[PDB]
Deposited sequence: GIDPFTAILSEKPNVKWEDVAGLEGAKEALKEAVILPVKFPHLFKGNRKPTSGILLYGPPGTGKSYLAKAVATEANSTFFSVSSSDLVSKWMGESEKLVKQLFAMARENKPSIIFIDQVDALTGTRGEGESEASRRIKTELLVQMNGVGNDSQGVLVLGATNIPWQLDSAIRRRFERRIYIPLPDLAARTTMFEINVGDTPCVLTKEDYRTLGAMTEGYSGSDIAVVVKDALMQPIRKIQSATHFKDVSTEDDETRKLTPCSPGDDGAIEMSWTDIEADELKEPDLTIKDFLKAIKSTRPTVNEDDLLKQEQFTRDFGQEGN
């Protein structure tokens, strides 16, 4: 299981925002696949694409969407794992990976953290084997497309860099995308959030990543459970008896614990925007603001 394989089922719409990358990938990858007769002779589809941008944008998830939409098998590998965990057998692994992908066209190879192939003799082999394999466009043949992912494109070996004809920036999510991420992350959970609240949550998380948003949302959803747990005082409201947590000393405030209260006849506190706003304060964004420039320096130079 050093090499993952799957026929993923991620539609474009399942990936929050990124419409620009998406549209780049559509014409870079999907057009060739949709209309292969366009690529007779010396006109050949891209076969290396680098995805670069700050962490927490789900470059992986987007990659699966491409596979789903190209109707191809998704083969994938982590370069950090290759360099550290497997080491000795890494040459063999990079081989087998390209070999599986050839045997399974149409297919996509995903190499995560391509920077981690180069430096801190032994992994010099991995670099070298990868390069030979990406010359496997000039095997015959393909078929197979390599999508590299990096957070630190400026630390990516220029030789490897050069094998990735096409480069696409995966930005931090904008207002609309963050709004979508909040919705997706709560999905079906019982709550009383409006369309406007989602937008508010969106607007209020400038500079957050999908990951960041995921952690904030995971935090917020637990709040009603959190309230039920640490009360101390409940109260009847309203189909026969129904009690919810309330402050010490209130209109009908009995003193008890959740344990004291009967099956069902609990009234969980509503899940409010206020729970999410709280969660936003206690989870700072992950990604430094100087990254914009560092990534944009790369878009300017090797875009």
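- Numbered from the first deposited residue, the unresolved ranges run 1-5, 126-131, 250-253, 319-322.
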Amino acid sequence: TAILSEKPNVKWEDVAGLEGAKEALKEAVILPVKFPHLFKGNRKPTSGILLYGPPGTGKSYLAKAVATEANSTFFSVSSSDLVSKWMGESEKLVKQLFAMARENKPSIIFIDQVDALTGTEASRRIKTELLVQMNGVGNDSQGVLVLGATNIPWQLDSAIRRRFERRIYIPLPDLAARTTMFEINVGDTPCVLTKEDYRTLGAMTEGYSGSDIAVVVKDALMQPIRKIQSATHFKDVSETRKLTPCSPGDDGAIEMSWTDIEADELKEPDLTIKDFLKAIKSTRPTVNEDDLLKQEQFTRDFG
From here on, numbers count along this sequence of modelled residues.
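- For the segment pair 99-107 and 160-168, the entry gives 160-168 the higher mean B-factor, averaged over Cα atoms.
- Mean CA B-factor, 136-144 versus 149-157: the higher value falls on 136-144.
- The maximum CA B-factor among the listed residues 51, 263, 271, 62, taken from the PDB record, is found at 263.
- Taking the deposited Cα B-factors for 202, 88, 187, 173, the highest one is held by 88.
- Ranked against the other modelled residues of its chain, the C-alpha B-factor of residue 121 as given in the entry falls in the highest third.
- For residue 293, the recorded CA temperature factor ranks within the highest third of the chain's modelled residues.
- Ranked against the other modelled residues of its chain, the C-alpha B-factor of residue 15 as given in the entry falls in the lowest third.
- Sort the chain's modelled residues by C-alpha temperature factor and residue 57 lands in the lowest third, per the entry.
- Ranked by C-alpha B-factor against the other modelled residues of its chain, residue 287 falls in the highest third.
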